[PDB]
Amino acid sequence: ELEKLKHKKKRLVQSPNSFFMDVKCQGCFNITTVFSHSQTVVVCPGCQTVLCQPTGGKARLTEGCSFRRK
Amino acid sequence: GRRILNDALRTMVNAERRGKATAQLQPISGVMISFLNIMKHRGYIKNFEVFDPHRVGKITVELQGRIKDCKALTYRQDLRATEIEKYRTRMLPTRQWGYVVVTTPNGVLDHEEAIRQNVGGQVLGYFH
Amino acid sequence: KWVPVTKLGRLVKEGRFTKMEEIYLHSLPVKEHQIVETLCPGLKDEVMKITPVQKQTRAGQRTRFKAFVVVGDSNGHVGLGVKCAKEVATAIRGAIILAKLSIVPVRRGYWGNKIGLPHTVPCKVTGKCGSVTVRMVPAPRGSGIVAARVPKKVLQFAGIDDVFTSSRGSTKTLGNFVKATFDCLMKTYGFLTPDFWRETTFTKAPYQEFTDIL
Amino acid sequence: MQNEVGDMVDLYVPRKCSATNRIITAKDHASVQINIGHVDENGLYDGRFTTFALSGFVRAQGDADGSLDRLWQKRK
Amino acid sequence: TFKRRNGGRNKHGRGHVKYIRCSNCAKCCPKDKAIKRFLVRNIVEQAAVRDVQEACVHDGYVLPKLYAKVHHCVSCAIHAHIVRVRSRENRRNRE
Amino acid sequence: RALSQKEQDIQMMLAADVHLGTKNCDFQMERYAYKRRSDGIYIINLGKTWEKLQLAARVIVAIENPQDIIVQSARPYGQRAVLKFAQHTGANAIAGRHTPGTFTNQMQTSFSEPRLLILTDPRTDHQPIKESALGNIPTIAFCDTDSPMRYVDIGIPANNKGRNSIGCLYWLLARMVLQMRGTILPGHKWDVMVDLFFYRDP
Amino acid sequence: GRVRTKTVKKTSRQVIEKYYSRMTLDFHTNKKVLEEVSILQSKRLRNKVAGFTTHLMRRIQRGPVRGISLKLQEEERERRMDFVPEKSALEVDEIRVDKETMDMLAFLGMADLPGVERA
RNA sequence: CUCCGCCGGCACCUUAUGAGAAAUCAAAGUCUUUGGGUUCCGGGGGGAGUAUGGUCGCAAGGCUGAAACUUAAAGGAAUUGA
Ligand SMILES: [Mg+2]
Ligand SMILES: [Mg+2]
Ligand SMILES: [Mg+2]
Ligand SMILES: [Mg+2]
Ligand SMILES: [Mg+2]
Ligand SMILES: [Mg+2]
Ligand SMILES: [Mg+2]
Ligand SMILES: [Zn+2]
């Protein structure tokens with residue numbers, strides 16, 4: 001079906017395009033829940049690594065930081 | 001800038017005039033559903049569905065190809081059981097078919113049921 | 001004689017068509033006027049206007065005469081023809097033949113009660129030509145035809161007895177007035193009424209029933 | 001339609017477009033009537049066909065092809 | 001009657017466009033309306049190229065071209081045959 | 001087992017490059033395009049081409065007198081096709097320029113009253129299409145993915161702009177017409193070869 | 001100005017059609033032949049019509065031509081127009097396709113089709 | 001840089017199933033089958049944006065704004081000619 005291409009509000013039942021994701025850096029393999037369109041520079045409490053970047057759209061993760069939609 | 005039951009009925013006239021089989025009315029209300037029930041019970045539309053994603057609502061109507069014009073009388077006049085006759089002469093194509101929809105304390109209903117039940121009200125629209 | 005040049009003309013000459021309604025049902029283009037003159041025995045014609053038009057040239061102004069001819073049995077068929085020619089008589093003759101070619105059905109209805117023979121237009125109907133718009137509204141029986149001379153003649157040849165007419169625009173332009181009236185009559189059959197709701201049972205078209213003969 | 005004494009007083013009940021239910025008037029020369037034949041078995045044709053009518057409105061929109069495609073998909 | 005759909009000039013979404021002076025008569029004509037031609041022409045025409053090509057000291061000398069961007073008002077462009085009155089139908093052709 | 005007739009037609013039309021469309025797609029022809037490649041050209045659903053070919057064939061066969069069918073091609077690649085199609089099915093071919101007034105001018109010497117009309121391409125044969133809308137003539141056309149669909153009833157989606165496609169489509173219409181008429185009996189044996197339909201460049 | 005008018009040109013073609021065999025490429029003999037088959041009201045008309053037929057034959061003897069329909073060349077352009085090869089050049093054996101073509105063929109269920117393979 | 005899609009702009013091209021007196025217009029469409037909401041504004045041509053009163057301005061002038069009288073057309077779009 002072609003609703004996935006339609007605008008966020010113009011679908012038969014409106015739904016968001018964003019997601020929360022479980023993200024993992026390299027130096028501290030804990031898992032942090034972060035939002036695909038962040039708006040903030042976020043650092044994991046343990047390792048103190050900068051974790052994602054605010055953009056105009058979905059946040060830009062940093063080098064080698066795995067994530068899973070969830 | 002919105003006063004629904006005009007967008008619904010005019011979307012239906014446009015869709016029916018293009019020969020579409022499905023029409024979609026974005027903002028719904030009980031008034032619109034009650035109107036569409038009169039339409040169906042008199043035979044001018046097929047069945048229709050409410051799609052509630054959450055909000056004001058949404059409905060899809062199945063067009064049977066027999067409706068010619070359905071419009072609203074915005075500035076809903078006050079309409080007593082004696083001047084029904086003159087509105088239907090001003091607004092319907094003949095004495096034989098077509099209905100004027102009136103909202104009355106006994107519900108929303110067509111002018112003929114209004115004559116039988118002897119109640120006036122306020123005019124909402126017409127279809128024929 | 002005739003020696004027709006169309007399939008319909010051939011089928012009419014062999015006499016396998018009695019009324020015009022089997023040509024109306026199939027929307028067939030009628031290209032020869034004799035097809036009408038057999039299928040409609042008593043068709044009456046009338047000249048309504050002769051109008052001189054002119055074109056300017058270096059030598060002077062060249063005049064031509066345009067004739068308006070309404071034809072119809074007063075039992076539900078009317079046609080309108082307009083023809084421009086260098087001489088009034090040939091303009092009239094061409095207008096008769098065009099008016100016969102244009103014959104259209106007009107459905108009649110009842111104002112309030114379905115007693116007797118149909119007398120009015122079925123429902124409110126309108127027509128436009130140029131700036132002229134003509135409205136025809138059902139009238140009670142015996143109420144006459146409330147219309148100006150031009151639409152009154154057109155409606156009389158149609159066999160409609162009672163009707164309330166209203167008009168707007170430059171009706172003094174008789175061309176557009178008469179064509180608006182004709183256009184109003186021709187679309188009495190194009191309105192979808194609940195007695196037309198019944199599903200259609202199709203019939204073989206005349207080109208297909210008489211396949212072996214042609 | 002019907003006189004009140006039972007009689008039928010209209011002449012020539014018109015055809016209706018099989019896609020839009022519009023009336024096909026006497027002077028609508030863009031309408032067509034299609035007879036598609038029924039294949040059954042050995043020979044694969046006898047004089048059995050189903051008929052569909054299309055008015056000038058549909059044919060002029062271009063939607064005659066889609067409408068005919070969808071109306072032929074009815075099983076009997 | 002309205003001759004053209006663009007009003008005779010190329011202006012959408014603006015309110016004001018700066019004018020330019022006609023190259024022939026100095027008439028003020030807005031930039032989007034003037035007839036603008038970019039002429040890349042040679043220093044001498046081909047009847048007199050070689051009797052300068054043989055008088056070049058250096059081998060491989062290329063004679064420059066003159067480049068000029070010339071604006072005309074409507075009147076001067078029409079009168080100088082840069083643009084011509086066209087028919088009603090061929091007026092719409094922008095090619 | 002062997003291959004069914006549908007499979008063999010798919011094979012042949014795929015050999016004749018029928019499946020290969022153009023860069024653009026008319027929206028009314030969008031119900032027939034499967035997908036678009038990085039080249040930009042669409043690929044046509046040959047199963048839907050075959051289904052429309054069946055529908056067209058059943059419409060053609062029901063004509064009791066085949067001389068009431070006019071087949072037509074303005075392009076040079078469709079001459080030899082529409083001639084042989086007319087010669088094995090018994091219809092009336094007119095190849096090349098179409099004389100305006102053939103369907104609406106009764107006093108013309110070139111005047112016909114066709115019950116059906118078949119067109120190689122809605123784009124180049126637009127004059128007979130316009131003249132049809134004045135004479136209640138249904139029309140079958142071979143429509144590429146850029147073909148305007150105004151006034152065409154049955155459209156066979158296909159590349160109509162190639163030398164082998166036009167020939168193979170007309171060959172394959174003719175085959176079904178003969179099968180349903182019964183002149184070709186059940187069993188795929190029909191002896192006229194598809195090479196008859198491609199045109200010959202002198 | 002020696003443009004031949006409609007009568008001469010029409011009559012020239014229409015006499016070429018009726019007798020191609022009895023005409024030839026010499027003007028004078030063609031004059032005589034044209035005097036033996038048609039009724040013309042002036043010697044000048046005859047000389048003009050024969051002059052237009054003689055080079056019409058020169059170009060006919062050269063190659064093809066417009067509306068005149070010669071029998072000996074309308075059948076010869078039919079005898080070889082119903083022409084067949086030894087076997088049909090459209091063959092289903094090596095018909096190679098590109099990704100989306102087998103993608104559609106898998107859509108139809110004819111995923112396995114003898115003679116189809118990727119580019 | 002290339003391809004695809006979604007919002008939002010300035011526009012453009014093709015087409016009536018539309019509208020219009022037409023020129024034209026994808027909004028100038030959804031109008032005698034006439035009713036989504038709201039503000040301004042017209043009522044034959046002149047006299048006349050004049051006279052007068054008020055008001056704003058240094059001034060030039062701005063806003064508001066008649067009457068007597070006069071007149072059978074003035075005017076819009078398109079066509080054929082010259
Ligand atoms: Mg001017
Ligand atoms: Mg802006
Ligand atoms: Mg400005
Ligand atoms: Mg955009
Ligand atoms: Mg007034
Ligand atoms: Mg005034
Ligand atoms: Mg003027
Ligand atoms: Zn200048």
# chains A, B, ... in the order shown; residues from 1 in each chain; ligands from 1

$ residues_around --residues "residue 187 (chain C)" --least-positions-apart "2" --cutoff "12 Å" --atoms "only C-alpha atoms (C1' of nucleotides)" --output "MDAnalysis selection string"
(chainID C and resid 104:108 121:128 135:136 180:185 189:192) or (chainID D and resid 23:28)

$ select_by_dssp --residues "chain E" --states "strand (DSSP E or B)" --output "MDAnalysis selection string"
chainID E and resid 19:21 28:30 35:42 65:72

$ write_last_selection --atoms "C-alpha atoms" --output "tab-separated table (two decimals), in the first residue's frame"
chain	number	residue	atom	x	y	z
E	19	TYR	CA	15.13	49.85	-15.23
E	20	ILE	CA	17.88	50.01	-17.84
E	21	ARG	CA	18.68	52.53	-20.55
E	28	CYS	CA	14.16	53.84	-19.53
E	29	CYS	CA	12.78	50.33	-19.84
E	30	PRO	CA	12.54	47.84	-16.95
E	35	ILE	CA	15.06	43.05	-25.36
E	36	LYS	CA	18.41	41.66	-24.22
E	37	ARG	CA	20.90	40.12	-26.65
E	38	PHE	CA	24.43	38.92	-25.91
E	39	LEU	CA	26.60	39.48	-28.98
E	40	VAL	CA	29.88	37.58	-29.26
E	41	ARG	CA	31.34	39.01	-32.46
E	42	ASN	CA	34.77	38.86	-34.00
E	65	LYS	CA	36.16	38.52	-29.80
E	66	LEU	CA	34.13	41.47	-28.58
E	67	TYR	CA	31.42	40.54	-26.08
E	68	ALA	CA	28.62	42.99	-25.39
E	69	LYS	CA	25.21	42.62	-23.78
E	70	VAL	CA	22.88	44.98	-25.62
E	71	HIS	CA	19.47	46.08	-24.36
E	72	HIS	CA	16.77	47.64	-26.50

$ select_by_dssp --residues "region 111-160 of chain F" --states "alpha helix (DSSP H)" --output "PyMOL selection string"
chain F and resi 126-132

$ closest_atom_pairs --of "chain E" --to "ligand 1" --cutoff "9 Å" --atoms "only C-alpha atoms and all ligand atoms" --output "JSON lines"
{"residue": "E:1", "atom": "CA", "partner": "ligand 1", "partner_atom_place_in_ligand_line": "1 (Mg)", "distance": 7.2}
{"residue": "E:2", "atom": "CA", "partner": "ligand 1", "partner_atom_place_in_ligand_line": "1 (Mg)", "distance": 8.4}
{"residue": "E:3", "atom": "CA", "partner": "ligand 1", "partner_atom_place_in_ligand_line": "1 (Mg)", "distance": 7.8}

$ write_last_selection --atoms "N, CA and C atoms" --output "mmCIF file, in the first residue's frame"
data_model
loop_
_atom_site.group_PDB
_atom_site.id
_atom_site.type_symbol
_atom_site.label_atom_id
_atom_site.label_comp_id
_atom_site.auth_asym_id
_atom_site.auth_seq_id
_atom_site.Cartn_x
_atom_site.Cartn_y
_atom_site.Cartn_z
ATOM 1 N N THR E 1 -8.860 44.767 -24.521
ATOM 2 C CA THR E 1 -8.357 43.415 -24.705
ATOM 3 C C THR E 1 -6.950 43.315 -24.163
ATOM 4 N N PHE E 2 -6.578 42.136 -23.687
ATOM 5 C CA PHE E 2 -5.258 41.897 -23.121
ATOM 6 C C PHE E 2 -4.418 41.161 -24.155
ATOM 7 N N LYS E 3 -3.378 41.830 -24.658
ATOM 8 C CA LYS E 3 -2.535 41.241 -25.693
ATOM 9 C C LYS E 3 -1.832 39.981 -25.208
#

$ interface_residues --of "chain A" --to "chain H" --cutoff "7 Å" --atoms "only C-alpha atoms (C1' of nucleotides)" --output "NGL selection string"
:A and (5-7)

$ closest_atom_pairs --of "chain D" --to "chain B" --cutoff "9 Å" --atoms "only C-alpha atoms" --output "tab-separated table"
residue	atom	partner	partner_atom	distance
D:19	CA	B:19	CA	7.7
D:20	CA	B:19	CA	5.2
D:21	CA	B:65	CA	5.3
D:22	CA	B:65	CA	7.4
D:58	CA	B:19	CA	8.3

$ write_last_selection --atoms "C-alpha atoms" --output "JSON list (two decimals), in the first residue's frame"
[["chain", "number", "residue", "atom", "x", "y", "z"],
["D", 19, "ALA", "CA", -20.50, 3.26, -15.41],
["D", 20, "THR", "CA", -22.02, 6.50, -14.10],
["D", 21, "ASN", "CA", -25.80, 5.86, -14.35],
["D", 22, "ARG", "CA", -26.22, 9.00, -16.45],
["D", 58, "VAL", "CA", -17.07, 8.88, -19.64]]

$ interface_residues --of "chain D" --to "chain C" --cutoff "9 Å" --atoms "only C-alpha atoms" --output "PyMOL selection string"
chain D and resi 1-5+9-18+21-33+35+51-53
